[PDB]
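Encoded as structure tokens, the following chain is the form deposited in one PDB entry, with no partner shown.
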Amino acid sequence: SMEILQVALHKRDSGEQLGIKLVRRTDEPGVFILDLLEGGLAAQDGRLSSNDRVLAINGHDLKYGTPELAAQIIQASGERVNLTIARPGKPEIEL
């Protein structure tokens, strides 16, 4: 299963970073969150997580996107950055 959610971050100036490390994978399409940076907007917000898939940013489709496309979109954004996220899998497993 997977959870779809939306997370809105608000830049305090046009050059502020979100504080997210985005990666591609060779074995599946998409843009994924690897980690959040210490003290950044995303970390402060507390909703995004390692291994989330970024489906869209501000209505711009990223399903088959790249980290560089995401960067272009974020760097050119207005103050509000709204991300649509897919979060797969079980959070707890006994094995």
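A residue's number is simply how far along the shown sequence it sits, counting from 1.
- Look at the C-alpha B-factors of 40-48 and of 24-32. On average they run higher in 24-32.
- The mean Cα B-factor in the deposited entry runs higher for 11-19 than for the other of 11-19 and 80-88.
- For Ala70, the recorded CA B-factor ranks within the middle third of the chain. Only modelled residues enter the ranking.
Missing here is the form solved in complex with a partner chain; even so, the following discussion is about that form.
- Not displayed here, the partner chain is approached by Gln17 to within 4.5 Å at the level of heavy atoms in the entry with it bound.
- Taking the partner from the other structure, the partner chain in the entry with it bound has no heavy atom within 4.5 Å of any heavy atom of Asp61.
- Contact check for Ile74: a non-hydrogen atom falls within 4.5 Å of the partner chain in the entry with it bound.
- For the chain shown alone, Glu68 is a contact residue for the partner chain in the entry with it bound, at least one non-hydrogen atom being within 4.5 angstroms.
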